[PDB]
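Reproduced below: work-v8.pdb, with PDB, C-alpha atoms and all ligand atoms.
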ATOM      1  CA  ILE A   1      -2.444  -3.904 -14.095  1.00  0.00           C
ATOM      2  CA  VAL A   2      -1.845  -5.238 -17.622  1.00  0.00           C
ATOM      3  CA  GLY A   3      -1.476  -2.761 -20.469  1.00  0.00           C
ATOM      4  CA  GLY A   4      -1.529   0.331 -18.241  1.00  0.00           C
ATOM      5  CA  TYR A   5       0.933   3.088 -17.423  1.00  0.00           C
ATOM      6  CA  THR A   6       3.005   4.253 -14.487  1.00  0.00           C
ATOM      7  CA  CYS A   7       0.695   6.538 -12.519  1.00  0.00           C
ATOM      8  CA  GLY A   8       3.348   8.779 -11.030  1.00  0.00           C
ATOM      9  CA  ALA A   9       4.169   8.947  -7.339  1.00  0.00           C
ATOM     10  CA  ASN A  10       1.199   9.887  -5.140  1.00  0.00           C
ATOM     11  CA  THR A  11      -1.030  10.859  -8.084  1.00  0.00           C
ATOM     12  CA  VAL A  12      -3.688   8.395  -6.832  1.00  0.00           C
ATOM     13  CA  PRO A  13      -3.791   9.575  -3.213  1.00  0.00           C
ATOM     14  CA  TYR A  14      -6.689   7.346  -2.107  1.00  0.00           C
ATOM     15  CA  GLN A  15      -4.916   4.146  -3.228  1.00  0.00           C
ATOM     16  CA  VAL A  16      -3.762   1.977  -0.348  1.00  0.00           C
ATOM     17  CA  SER A  17      -1.707  -1.197  -0.139  1.00  0.00           C
ATOM     18  CA  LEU A  18      -2.826  -3.856   2.334  1.00  0.00           C
ATOM     19  CA  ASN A  19       0.239  -5.497   3.866  1.00  0.00           C
ATOM     20  CA  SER A  20       0.564  -8.674   5.948  1.00  0.00           C
ATOM     21  CA  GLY A  21       4.354  -8.883   5.722  1.00  0.00           C
ATOM     22  CA  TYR A  22       4.026  -8.233   1.966  1.00  0.00           C
ATOM     23  CA  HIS A  23       1.580  -6.433  -0.304  1.00  0.00           C
ATOM     24  CA  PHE A  24      -1.457  -8.636  -0.911  1.00  0.00           C
ATOM     25  CA  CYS A  25      -4.336  -6.370  -2.017  1.00  0.00           C
ATOM     26  CA  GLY A  26      -5.305  -2.830  -2.827  1.00  0.00           C
ATOM     27  CA  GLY A  27      -7.946  -0.688  -1.183  1.00  0.00           C
ATOM     28  CA  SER A  28      -9.379   2.817  -1.201  1.00  0.00           C
ATOM     29  CA  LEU A  29      -9.266   5.383   1.607  1.00  0.00           C
ATOM     30  CA  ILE A  30     -12.777   6.776   2.094  1.00  0.00           C
ATOM     31  CA  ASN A  31     -12.170   8.882   5.226  1.00  0.00           C
ATOM     32  CA  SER A  32      -9.380   9.398   7.742  1.00  0.00           C
ATOM     33  CA  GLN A  33     -10.156   6.097   9.510  1.00  0.00           C
ATOM     34  CA  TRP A  34     -11.693   3.732   6.952  1.00  0.00           C
ATOM     35  CA  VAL A  35     -10.655   1.792   3.855  1.00  0.00           C
ATOM     36  CA  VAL A  36     -12.880  -0.062   1.374  1.00  0.00           C
ATOM     37  CA  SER A  37     -11.503  -3.235  -0.209  1.00  0.00           C
ATOM     38  CA  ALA A  38     -12.763  -6.576  -1.530  1.00  0.00           C
ATOM     39  CA  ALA A  39     -14.138  -9.205   0.833  1.00  0.00           C
ATOM     40  CA  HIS A  40     -11.941 -11.770  -0.927  1.00  0.00           C
ATOM     41  CA  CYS A  41      -9.000  -9.792   0.513  1.00  0.00           C
ATOM     42  CA  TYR A  42     -10.071 -10.576   4.091  1.00  0.00           C
ATOM     43  CA  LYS A  43      -7.424 -11.817   6.493  1.00  0.00           C
ATOM     44  CA  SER A  44      -6.287 -10.953   9.993  1.00  0.00           C
ATOM     45  CA  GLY A  45      -3.164  -8.931  10.760  1.00  0.00           C
ATOM     46  CA  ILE A  46      -3.599  -6.206   8.135  1.00  0.00           C
ATOM     47  CA  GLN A  47      -1.394  -3.130   8.057  1.00  0.00           C
ATOM     48  CA  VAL A  48      -2.741  -0.387   5.814  1.00  0.00           C
ATOM     49  CA  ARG A  49      -0.062   1.457   3.837  1.00  0.00           C
ATOM     50  CA  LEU A  50      -1.012   4.926   2.623  1.00  0.00           C
ATOM     51  CA  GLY A  51       1.032   7.343   0.559  1.00  0.00           C
ATOM     52  CA  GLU A  52       2.826   4.549  -1.307  1.00  0.00           C
ATOM     53  CA  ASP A  53       4.412   4.634  -4.711  1.00  0.00           C
ATOM     54  CA  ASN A  54       7.277   2.117  -4.712  1.00  0.00           C
ATOM     55  CA  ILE A  55       6.011  -0.496  -2.242  1.00  0.00           C
ATOM     56  CA  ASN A  56       9.534  -1.852  -1.689  1.00  0.00           C
ATOM     57  CA  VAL A  57      11.265   1.469  -0.877  1.00  0.00           C
ATOM     58  CA  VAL A  58      10.505   4.036   1.826  1.00  0.00           C
ATOM     59  CA  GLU A  59      10.240   7.251  -0.209  1.00  0.00           C
ATOM     60  CA  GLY A  60       8.978   9.728   2.390  1.00  0.00           C
ATOM     61  CA  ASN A  61       5.183  10.091   2.066  1.00  0.00           C
ATOM     62  CA  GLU A  62       4.051   6.785   3.573  1.00  0.00           C
ATOM     63  CA  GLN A  63       1.798   6.284   6.557  1.00  0.00           C
ATOM     64  CA  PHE A  64       1.690   2.728   7.903  1.00  0.00           C
ATOM     65  CA  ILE A  65      -1.298   2.158  10.199  1.00  0.00           C
ATOM     66  CA  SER A  66      -2.456  -1.190  11.554  1.00  0.00           C
ATOM     67  CA  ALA A  67      -6.092  -2.170  11.128  1.00  0.00           C
ATOM     68  CA  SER A  68      -8.172  -2.441  14.283  1.00  0.00           C
ATOM     69  CA  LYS A  69     -11.083  -4.294  12.683  1.00  0.00           C
ATOM     70  CA  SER A  70     -12.330  -5.613   9.366  1.00  0.00           C
ATOM     71  CA  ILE A  71     -16.003  -5.977   8.417  1.00  0.00           C
ATOM     72  CA  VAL A  72     -16.852  -8.286   5.516  1.00  0.00           C
ATOM     73  CA  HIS A  73     -20.192  -7.579   3.869  1.00  0.00           C
ATOM     74  CA  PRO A  74     -22.931  -9.562   5.673  1.00  0.00           C
ATOM     75  CA  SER A  75     -23.990 -11.269   2.426  1.00  0.00           C
ATOM     76  CA  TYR A  76     -20.567 -11.930   0.884  1.00  0.00           C
ATOM     77  CA  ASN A  77     -20.512 -15.282  -0.925  1.00  0.00           C
ATOM     78  CA  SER A  78     -16.965 -16.432  -1.562  1.00  0.00           C
ATOM     79  CA  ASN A  79     -18.047 -18.981  -4.200  1.00  0.00           C
ATOM     80  CA  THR A  80     -19.877 -16.523  -6.488  1.00  0.00           C
ATOM     81  CA  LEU A  81     -18.100 -13.355  -5.243  1.00  0.00           C
ATOM     82  CA  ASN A  82     -21.491 -11.688  -4.842  1.00  0.00           C
ATOM     83  CA  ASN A  83     -21.173  -8.734  -2.429  1.00  0.00           C
ATOM     84  CA  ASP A  84     -17.363  -8.690  -2.679  1.00  0.00           C
ATOM     85  CA  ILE A  85     -16.779  -5.726  -0.380  1.00  0.00           C
ATOM     86  CA  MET A  86     -15.190  -5.214   3.033  1.00  0.00           C
ATOM     87  CA  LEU A  87     -14.469  -2.262   5.309  1.00  0.00           C
ATOM     88  CA  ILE A  88     -11.245  -1.891   7.293  1.00  0.00           C
ATOM     89  CA  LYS A  89     -10.891   0.529  10.209  1.00  0.00           C
ATOM     90  CA  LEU A  90      -7.497   2.025  11.038  1.00  0.00           C
ATOM     91  CA  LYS A  91      -6.212   1.980  14.616  1.00  0.00           C
ATOM     92  CA  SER A  92      -5.461   5.710  14.287  1.00  0.00           C
ATOM     93  CA  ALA A  93      -6.649   8.346  11.850  1.00  0.00           C
ATOM     94  CA  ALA A  94      -4.496   8.995   8.810  1.00  0.00           C
ATOM     95  CA  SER A  95      -3.063  12.476   8.385  1.00  0.00           C
ATOM     96  CA  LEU A  96      -4.815  13.711   5.261  1.00  0.00           C
ATOM     97  CA  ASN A  97      -2.811  15.805   2.803  1.00  0.00           C
ATOM     98  CA  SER A  98      -2.371  16.204  -0.959  1.00  0.00           C
ATOM     99  CA  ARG A  99      -0.718  12.784  -1.283  1.00  0.00           C
ATOM    100  CA  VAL A 100      -2.947  10.901   1.194  1.00  0.00           C
ATOM    101  CA  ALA A 101      -6.580  11.773   0.564  1.00  0.00           C
ATOM    102  CA  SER A 102      -9.960  10.084   0.689  1.00  0.00           C
ATOM    103  CA  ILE A 103     -12.063   9.330  -2.391  1.00  0.00           C
ATOM    104  CA  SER A 104     -15.757  10.247  -2.465  1.00  0.00           C
ATOM    105  CA  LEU A 105     -18.454   7.591  -2.438  1.00  0.00           C
ATOM    106  CA  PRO A 106     -20.913   7.775  -5.336  1.00  0.00           C
ATOM    107  CA  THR A 107     -24.278   9.456  -5.051  1.00  0.00           C
ATOM    108  CA  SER A 108     -25.524   7.594  -8.132  1.00  0.00           C
ATOM    109  CA  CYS A 109     -24.419   4.566 -10.096  1.00  0.00           C
ATOM    110  CA  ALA A 110     -22.258   5.095 -13.170  1.00  0.00           C
ATOM    111  CA  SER A 111     -23.437   4.168 -16.660  1.00  0.00           C
ATOM    112  CA  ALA A 112     -21.908   1.965 -19.298  1.00  0.00           C
ATOM    113  CA  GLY A 113     -19.467   4.061 -21.311  1.00  0.00           C
ATOM    114  CA  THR A 114     -18.236   6.055 -18.317  1.00  0.00           C
ATOM    115  CA  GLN A 115     -14.443   6.337 -18.313  1.00  0.00           C
ATOM    116  CA  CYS A 116     -12.738   5.239 -15.100  1.00  0.00           C
ATOM    117  CA  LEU A 117      -9.272   4.903 -13.587  1.00  0.00           C
ATOM    118  CA  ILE A 118      -8.212   1.502 -12.225  1.00  0.00           C
ATOM    119  CA  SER A 119      -4.978   1.241 -10.259  1.00  0.00           C
ATOM    120  CA  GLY A 120      -2.799  -1.188  -8.351  1.00  0.00           C
ATOM    121  CA  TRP A 121       0.461  -3.045  -7.822  1.00  0.00           C
ATOM    122  CA  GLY A 122      -0.698  -6.278  -9.437  1.00  0.00           C
ATOM    123  CA  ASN A 123       0.851  -8.380 -12.181  1.00  0.00           C
ATOM    124  CA  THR A 124       1.583  -6.518 -15.422  1.00  0.00           C
ATOM    125  CA  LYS A 125       1.643  -9.608 -17.719  1.00  0.00           C
ATOM    126  CA  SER A 126      -1.405 -11.287 -19.232  1.00  0.00           C
ATOM    127  CA  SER A 127       0.757 -14.385 -19.738  1.00  0.00           C
ATOM    128  CA  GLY A 128       3.621 -14.776 -17.298  1.00  0.00           C
ATOM    129  CA  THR A 129       4.338 -12.950 -14.069  1.00  0.00           C
ATOM    130  CA  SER A 130       6.015  -9.621 -13.359  1.00  0.00           C
ATOM    131  CA  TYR A 131       5.119  -7.460 -10.418  1.00  0.00           C
ATOM    132  CA  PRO A 132       5.842  -3.735 -10.529  1.00  0.00           C
ATOM    133  CA  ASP A 133       7.122  -1.892  -7.544  1.00  0.00           C
ATOM    134  CA  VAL A 134       5.471   1.423  -8.449  1.00  0.00           C
ATOM    135  CA  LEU A 135       1.752   2.025  -8.814  1.00  0.00           C
ATOM    136  CA  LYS A 136       0.204   1.282 -12.220  1.00  0.00           C
ATOM    137  CA  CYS A 137      -2.879   2.889 -13.748  1.00  0.00           C
ATOM    138  CA  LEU A 138      -5.362   2.033 -16.490  1.00  0.00           C
ATOM    139  CA  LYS A 139      -8.096   4.160 -18.021  1.00  0.00           C
ATOM    140  CA  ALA A 140     -11.003   1.930 -18.989  1.00  0.00           C
ATOM    141  CA  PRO A 141     -14.723   2.251 -19.716  1.00  0.00           C
ATOM    142  CA  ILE A 142     -17.595   0.565 -17.951  1.00  0.00           C
ATOM    143  CA  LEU A 143     -19.154  -2.016 -20.271  1.00  0.00           C
ATOM    144  CA  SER A 144     -22.845  -2.590 -20.839  1.00  0.00           C
ATOM    145  CA  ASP A 145     -24.596  -5.056 -18.547  1.00  0.00           C
ATOM    146  CA  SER A 146     -25.588  -7.112 -21.586  1.00  0.00           C
ATOM    147  CA  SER A 147     -22.015  -7.453 -22.824  1.00  0.00           C
ATOM    148  CA  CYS A 148     -20.859  -8.253 -19.286  1.00  0.00           C
ATOM    149  CA  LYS A 149     -23.452 -11.018 -18.908  1.00  0.00           C
ATOM    150  CA  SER A 150     -22.654 -12.339 -22.377  1.00  0.00           C
ATOM    151  CA  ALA A 151     -18.952 -12.497 -21.459  1.00  0.00           C
ATOM    152  CA  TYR A 152     -19.642 -14.424 -18.230  1.00  0.00           C
ATOM    153  CA  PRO A 153     -22.892 -16.380 -18.615  1.00  0.00           C
ATOM    154  CA  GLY A 154     -24.577 -17.199 -15.331  1.00  0.00           C
ATOM    155  CA  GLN A 155     -22.065 -15.271 -13.205  1.00  0.00           C
ATOM    156  CA  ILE A 156     -22.831 -11.521 -13.261  1.00  0.00           C
ATOM    157  CA  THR A 157     -25.127 -10.354 -10.449  1.00  0.00           C
ATOM    158  CA  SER A 158     -26.690  -6.935  -9.962  1.00  0.00           C
ATOM    159  CA  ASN A 159     -23.770  -6.192  -7.599  1.00  0.00           C
ATOM    160  CA  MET A 160     -21.139  -6.501 -10.352  1.00  0.00           C
ATOM    161  CA  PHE A 161     -20.110  -4.644 -13.481  1.00  0.00           C
ATOM    162  CA  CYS A 162     -17.547  -5.211 -16.188  1.00  0.00           C
ATOM    163  CA  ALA A 163     -14.991  -2.633 -17.248  1.00  0.00           C
ATOM    164  CA  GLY A 164     -12.154  -2.788 -19.719  1.00  0.00           C
ATOM    165  CA  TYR A 165     -11.715  -3.924 -23.296  1.00  0.00           C
ATOM    166  CA  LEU A 166     -13.250  -6.933 -25.011  1.00  0.00           C
ATOM    167  CA  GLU A 167     -10.285  -7.045 -27.405  1.00  0.00           C
ATOM    168  CA  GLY A 168      -7.997  -7.956 -24.497  1.00  0.00           C
ATOM    169  CA  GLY A 169      -4.608  -6.601 -23.521  1.00  0.00           C
ATOM    170  CA  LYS A 170      -5.728  -4.092 -20.846  1.00  0.00           C
ATOM    171  CA  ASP A 171      -7.077  -5.215 -17.463  1.00  0.00           C
ATOM    172  CA  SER A 172      -6.535  -5.399 -13.749  1.00  0.00           C
ATOM    173  CA  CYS A 173      -4.800  -8.580 -12.585  1.00  0.00           C
ATOM    174  CA  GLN A 174      -3.595 -10.619  -9.604  1.00  0.00           C
ATOM    175  CA  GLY A 175      -2.533  -8.332  -6.775  1.00  0.00           C
ATOM    176  CA  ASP A 176      -4.859  -5.531  -7.907  1.00  0.00           C
ATOM    177  CA  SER A 177      -7.680  -7.215  -5.924  1.00  0.00           C
ATOM    178  CA  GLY A 178      -9.549  -4.836  -3.659  1.00  0.00           C
ATOM    179  CA  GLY A 179      -8.296  -1.703  -5.415  1.00  0.00           C
ATOM    180  CA  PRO A 180     -10.240   1.218  -6.828  1.00  0.00           C
ATOM    181  CA  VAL A 181     -12.217   1.919  -9.965  1.00  0.00           C
ATOM    182  CA  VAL A 182     -12.756   5.695  -9.854  1.00  0.00           C
ATOM    183  CA  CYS A 183     -15.023   7.486 -12.332  1.00  0.00           C
ATOM    184  CA  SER A 184     -15.571  11.250 -12.365  1.00  0.00           C
ATOM    185  CA  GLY A 185     -14.042  11.532  -8.887  1.00  0.00           C
ATOM    186  CA  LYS A 186     -16.209   8.823  -7.275  1.00  0.00           C
ATOM    187  CA  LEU A 187     -15.343   5.294  -6.165  1.00  0.00           C
ATOM    188  CA  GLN A 188     -17.622   3.172  -8.358  1.00  0.00           C
ATOM    189  CA  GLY A 189     -15.856  -0.195  -8.361  1.00  0.00           C
ATOM    190  CA  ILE A 190     -13.570  -2.583  -6.512  1.00  0.00           C
ATOM    191  CA  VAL A 191     -11.265  -5.014  -8.326  1.00  0.00           C
ATOM    192  CA  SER A 192     -13.107  -8.310  -7.810  1.00  0.00           C
ATOM    193  CA  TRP A 193     -12.591 -11.148 -10.334  1.00  0.00           C
ATOM    194  CA  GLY A 194     -12.305 -12.258 -13.948  1.00  0.00           C
ATOM    195  CA  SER A 195     -11.115 -15.112 -16.148  1.00  0.00           C
ATOM    196  CA  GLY A 196      -7.382 -14.649 -16.173  1.00  0.00           C
ATOM    197  CA  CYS A 197      -6.329 -11.095 -17.004  1.00  0.00           C
ATOM    198  CA  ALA A 198      -6.528  -9.094 -20.220  1.00  0.00           C
ATOM    199  CA  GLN A 199      -7.982 -12.070 -22.123  1.00  0.00           C
ATOM    200  CA  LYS A 200     -10.115 -11.499 -25.201  1.00  0.00           C
ATOM    201  CA  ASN A 201     -13.853 -11.364 -24.408  1.00  0.00           C
ATOM    202  CA  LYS A 202     -13.149 -11.629 -20.652  1.00  0.00           C
ATOM    203  CA  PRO A 203     -13.146  -8.116 -19.172  1.00  0.00           C
ATOM    204  CA  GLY A 204     -12.515  -7.463 -15.512  1.00  0.00           C
ATOM    205  CA  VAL A 205     -15.437  -7.763 -13.105  1.00  0.00           C
ATOM    206  CA  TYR A 206     -15.826  -5.201 -10.338  1.00  0.00           C
ATOM    207  CA  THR A 207     -17.967  -4.823  -7.232  1.00  0.00           C
ATOM    208  CA  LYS A 208     -20.682  -2.211  -7.864  1.00  0.00           C
ATOM    209  CA  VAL A 209     -19.948   0.204  -5.007  1.00  0.00           C
ATOM    210  CA  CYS A 210     -23.029   2.394  -5.526  1.00  0.00           C
ATOM    211  CA  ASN A 211     -25.203  -0.475  -4.234  1.00  0.00           C
ATOM    212  CA  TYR A 212     -23.337  -0.403  -0.902  1.00  0.00           C
ATOM    213  CA  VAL A 213     -23.257   3.275   0.060  1.00  0.00           C
ATOM    214  CA  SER A 214     -26.021   2.953   2.656  1.00  0.00           C
ATOM    215  CA  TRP A 215     -24.314  -0.072   4.221  1.00  0.00           C
ATOM    216  CA  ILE A 216     -20.939   1.701   4.219  1.00  0.00           C
ATOM    217  CA  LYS A 217     -22.282   4.863   5.834  1.00  0.00           C
ATOM    218  CA  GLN A 218     -24.322   3.067   8.479  1.00  0.00           C
ATOM    219  CA  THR A 219     -21.477   0.690   9.308  1.00  0.00           C
ATOM    220  CA  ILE A 220     -19.007   3.543   9.718  1.00  0.00           C
ATOM    221  CA  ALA A 221     -21.493   5.517  11.844  1.00  0.00           C
ATOM    222  CA  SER A 222     -21.667   2.698  14.426  1.00  0.00           C
ATOM    223  CA  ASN A 223     -18.103   1.336  14.398  1.00  0.00           C
TER     224      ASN A 223
HETATM  225  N1  LIG B 301      -9.322  -8.284 -13.574  1.00  0.00           N
HETATM  226  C1  LIG B 301      -8.490  -8.928 -12.553  1.00  0.00           C
HETATM  227  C2  LIG B 301      -9.339  -9.877 -11.719  1.00  0.00           C
HETATM  228  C3  LIG B 301      -8.577 -10.593 -10.649  1.00  0.00           C
HETATM  229  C4  LIG B 301      -8.589 -10.345  -9.307  1.00  0.00           C
HETATM  230  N2  LIG B 301      -7.771 -11.225  -8.653  1.00  0.00           N
HETATM  231  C5  LIG B 301      -7.217 -12.084  -9.563  1.00  0.00           C
HETATM  232  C6  LIG B 301      -6.335 -13.145  -9.376  1.00  0.00           C
HETATM  233  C7  LIG B 301      -5.937 -13.849 -10.483  1.00  0.00           C
HETATM  234  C8  LIG B 301      -6.415 -13.497 -11.746  1.00  0.00           C
HETATM  235 CL1  LIG B 301      -5.876 -14.440 -13.109  1.00  0.00          CL
HETATM  236  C9  LIG B 301      -7.286 -12.459 -11.956  1.00  0.00           C
HETATM  237  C10 LIG B 301      -7.704 -11.723 -10.838  1.00  0.00           C
HETATM  238 CA    CA B 302       7.211   3.173  -0.391  1.00  0.00          CA
END
Turn the structure described in the file into C-alpha cells.
Ligand SMILES: NCCc1c[nH]c2ccc(Cl)cc12
Ligand SMILES: [Ca+2]
Amino acid sequence: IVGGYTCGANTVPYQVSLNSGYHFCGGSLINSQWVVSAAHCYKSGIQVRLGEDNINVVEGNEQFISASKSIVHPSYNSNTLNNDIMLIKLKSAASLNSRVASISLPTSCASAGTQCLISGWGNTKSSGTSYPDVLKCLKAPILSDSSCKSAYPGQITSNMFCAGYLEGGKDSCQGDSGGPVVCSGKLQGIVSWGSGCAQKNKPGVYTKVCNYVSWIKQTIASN
C-alpha cells in the first residue's frame, strides 16, 4: 500500500496473509473455512495466516491453517486478468472472534464514488521498494467506469473496476495482490492489477466481486 496508513493491529479482522514460506498475497476470510483471493495468486502449498498484524513476529492472535484446496475461477484468463478470483478452503475451520472475523459478500454492486478500505502488506513505495511488516490501509473511492476505461484503453472488462486517485500517490502495490477492497462492510473488490503503483492517471484495478457471488456461494455449497 502506497500513501496509506498503519491500520492498527487486528483492526481489519478479515484480512489474511497467504504464506508459502513467506508472505506472497493477501486474501479475505468470508466464512470459517473459506478465503477469497486473486486467481493470479494461485500456487500449491498455501498456508493461510489469520489474525496477523506484524507478519514477521508472532504477536498472539494468529491462526495458521493450511489450505486443503484452491479453486481458480473457471474463466480466469491470466493474460487479460479477466475473472481474477480464486477460492481457498482451509483444512480446519478458523476460530472466529473479534480479531479473526469474516467479511460479508455484497448483495449489490457498489457505485462509483463509494468510499472503500484497501489493505495489505505490499510495497509502500511508488518508486523503490520497502515492505512493511505491519498491515497498511488506504481509504479510496471507486472511480467511474468511463474514467477507468480511459485510464486503461482496451483492458477494462465488466469484471473489473478502478479505485484510487488519478493524481497518483495512493494505491495498492506489489504484495497487496489478492487482498480486500471493502465498502460499507461488504467485500466489493480484490487487488488485481495496474500499471506500476500510485502512478498518475493509472489507478488500481480490482476484481468486481459482486459479479461472482453466485459462483462463490454455489462453489462453497458443494466443496
Ligand atoms: N494497484 C496494485 C496492482 C498490483 C498488483 N500486483 C502488482 C505487482 C506489481 C505492481 Cl507494479 C502492481 C501490482
Ligand atoms: Ca504475526
Discussion item. Give me the residues near region 111-118 of chain A as a ChimeraX atom specification, where near means some atom within 10 Å (using only C-alpha atoms) and where sequence neighbours in that chain fewer than 3 positions away do not count.
Written reply: /A:1,4,12,15,108,136-145,161-164,171-172,176,179-191
Discussion item. Selection in question (the file shown): the PyMOL selection byres (((chain A and resi 35) around 12) and not hetatm). Which residues does it include, as JSON, numbers by chain?
Written reply: {"A": [14, 15, 16, 17, 18, 25, 26, 27, 28, 29, 30, 31, 32, 33, 34, 36, 37, 38, 39, 46, 47, 48, 49, 50, 65, 66, 67, 68, 69, 70, 71, 72, 85, 86, 87, 88, 89, 90, 91, 93, 94, 101, 102, 103, 104, 105, 178, 179, 180, 187, 190, 216, 220]}
Using only C-alpha atoms and all ligand atoms, I'd like a table of the residues in chain A that come within 6 Å of ligand CA 302 (chain B); for each, show the closest atom pair and its distance in Å rounded to one decimal, ordered by chain and ascending number, as a Markdown table.
| residue | atom | partner | partner_atom | distance |
| --- | --- | --- | --- | --- |
| A:52 | CA | B:CA302 | CA | 4.7 |
| A:53 | CA | B:CA302 | CA | 5.4 |
| A:54 | CA | B:CA302 | CA | 4.4 |
| A:55 | CA | B:CA302 | CA | 4.3 |
| A:56 | CA | B:CA302 | CA | 5.7 |
| A:57 | CA | B:CA302 | CA | 4.4 |
| A:58 | CA | B:CA302 | CA | 4.1 |
| A:59 | CA | B:CA302 | CA | 5.1 |
Those residues you just picked out, can you put them in a file as a PDB file, in the frame of the given file with C-alpha atoms?
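The new file again-v1.pdb reads:
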ATOM      1  CA  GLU A  52       2.826   4.549  -1.307  1.00  0.00           C
ATOM      2  CA  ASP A  53       4.412   4.634  -4.711  1.00  0.00           C
ATOM      3  CA  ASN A  54       7.277   2.117  -4.712  1.00  0.00           C
ATOM      4  CA  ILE A  55       6.011  -0.496  -2.242  1.00  0.00           C
ATOM      5  CA  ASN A  56       9.534  -1.852  -1.689  1.00  0.00           C
ATOM      6  CA  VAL A  57      11.265   1.469  -0.877  1.00  0.00           C
ATOM      7  CA  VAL A  58      10.505   4.036   1.826  1.00  0.00           C
ATOM      8  CA  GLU A  59      10.240   7.251  -0.209  1.00  0.00           C
TER       9      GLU A  59
END
Worksheet entry | Reference answer for the PyMOL selection byres (((not hetatm)) within 7 of (chain B and resi 301)), as a list in words |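 After applying the PyMOL selection byres (((not hetatm)) within 7 of (chain B and resi 301)), what remains is residues 171, 172, 173, 174, 175, 176, 177, 191, 192, 193, 194, 195, 196, 197, 203, 204 and 205 of chain A.
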Fill in: Which residue of A:63, A:130, A:75, A:80 approaches residue 95 (chain A) most closely, using all atoms listed in the file
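Counting all atoms listed in the file, the residue closest to residue 95 (chain A) is A:63.
The space separating CA of residue 42 (chain A) from CA of residue 207 (chain A) comes to 15.0 Å.
With distances restricted to all atoms listed in the file, A:166 is the closest residue to residue 201 (chain A) from A:81, A:156, A:221, A:166.
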Practice prompt. For CA of residue 74 (chain A) and CA of residue 24 (chain A), quote the distance in Å rounded to one decimal.
Written response: 22.5 Å
Worksheet item: What is the CA of residue 213 (chain A)-CA of residue 106 (chain A) distance in Å, reported with one decimal?
Response: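 Pair CA of residue 213 (chain A) / CA of residue 106 (chain A) returns 7.4 Å.
With distances restricted to all atoms listed in the file, A:198 is the closest residue to residue 167 (chain A) from A:198, A:153, A:148, A:222.
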Worksheet item: Can you tell me, as number ranges by chain, which residues sit within 7 Å of (0.5, -4.1, -14.0) in the file's frame, using all atoms listed in the file?
Response: A: 1-4, 121-125, 131-132, 136
Could you pull region 158-173 of chain A out of the block above and give me N, CA and C atoms, as a PDB file, in the first residue's frame?
ATOM      1  N   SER A 158     -16.030  -5.915 -17.868  1.00  0.00           N
ATOM      2  CA  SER A 158     -17.143  -5.754 -16.945  1.00  0.00           C
ATOM      3  C   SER A 158     -16.903  -6.430 -15.602  1.00  0.00           C
ATOM      4  N   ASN A 159     -15.808  -7.180 -15.458  1.00  0.00           N
ATOM      5  CA  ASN A 159     -15.462  -7.834 -14.206  1.00  0.00           C
ATOM      6  C   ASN A 159     -14.376  -7.097 -13.438  1.00  0.00           C
ATOM      7  N   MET A 160     -14.130  -5.838 -13.781  1.00  0.00           N
ATOM      8  CA  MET A 160     -13.083  -5.023 -13.185  1.00  0.00           C
ATOM      9  C   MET A 160     -13.628  -3.647 -12.849  1.00  0.00           C
ATOM     10  N   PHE A 161     -13.068  -3.030 -11.813  1.00  0.00           N
ATOM     11  CA  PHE A 161     -13.290  -1.612 -11.567  1.00  0.00           C
ATOM     12  C   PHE A 161     -11.998  -0.972 -11.105  1.00  0.00           C
ATOM     13  N   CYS A 162     -11.928   0.337 -11.273  1.00  0.00           N
ATOM     14  CA  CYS A 162     -10.805   1.112 -10.780  1.00  0.00           C
ATOM     15  C   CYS A 162     -11.185   1.799  -9.480  1.00  0.00           C
ATOM     16  N   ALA A 163     -10.210   1.911  -8.586  1.00  0.00           N
ATOM     17  CA  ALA A 163     -10.383   2.660  -7.354  1.00  0.00           C
ATOM     18  C   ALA A 163      -9.066   3.339  -7.032  1.00  0.00           C
ATOM     19  N   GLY A 164      -9.157   4.496  -6.386  1.00  0.00           N
ATOM     20  CA  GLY A 164      -7.956   5.224  -6.047  1.00  0.00           C
ATOM     21  C   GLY A 164      -8.019   6.669  -6.474  1.00  0.00           C
ATOM     22  N   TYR A 165      -6.902   7.183  -6.980  1.00  0.00           N
ATOM     23  CA  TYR A 165      -6.719   8.619  -7.153  1.00  0.00           C
ATOM     24  C   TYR A 165      -5.957   8.856  -8.442  1.00  0.00           C
ATOM     25  N   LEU A 166      -6.591   9.543  -9.389  1.00  0.00           N
ATOM     26  CA  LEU A 166      -5.936   9.805 -10.665  1.00  0.00           C
ATOM     27  C   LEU A 166      -4.701  10.679 -10.513  1.00  0.00           C
ATOM     28  N   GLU A 167      -4.613  11.468  -9.443  1.00  0.00           N
ATOM     29  CA  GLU A 167      -3.439  12.305  -9.233  1.00  0.00           C
ATOM     30  C   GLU A 167      -2.198  11.495  -8.887  1.00  0.00           C
ATOM     31  N   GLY A 168      -2.358  10.233  -8.498  1.00  0.00           N
ATOM     32  CA  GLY A 168      -1.239   9.417  -8.076  1.00  0.00           C
ATOM     33  C   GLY A 168      -0.915   9.584  -6.599  1.00  0.00           C
ATOM     34  N   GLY A 169      -0.002   8.744  -6.128  1.00  0.00           N
ATOM     35  CA  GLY A 169       0.493   8.819  -4.773  1.00  0.00           C
ATOM     36  C   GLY A 169      -0.166   7.878  -3.779  1.00  0.00           C
ATOM     37  N   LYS A 170      -1.329   7.316  -4.104  1.00  0.00           N
ATOM     38  CA  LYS A 170      -2.089   6.478  -3.173  1.00  0.00           C
ATOM     39  C   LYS A 170      -2.637   5.288  -3.948  1.00  0.00           C
ATOM     40  N   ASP A 171      -2.223   4.070  -3.596  1.00  0.00           N
ATOM     41  CA  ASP A 171      -2.604   2.905  -4.393  1.00  0.00           C
ATOM     42  C   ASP A 171      -2.236   1.647  -3.622  1.00  0.00           C
ATOM     43  N   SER A 172      -2.824   0.526  -4.030  1.00  0.00           N
ATOM     44  CA  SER A 172      -2.257  -0.765  -3.663  1.00  0.00           C
ATOM     45  C   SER A 172      -1.040  -1.047  -4.542  1.00  0.00           C
ATOM     46  N   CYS A 173      -0.244  -2.047  -4.162  1.00  0.00           N
ATOM     47  CA  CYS A 173       1.028  -2.283  -4.840  1.00  0.00           C
ATOM     48  C   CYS A 173       1.400  -3.759  -4.746  1.00  0.00           C
TER      49      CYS A 173
END
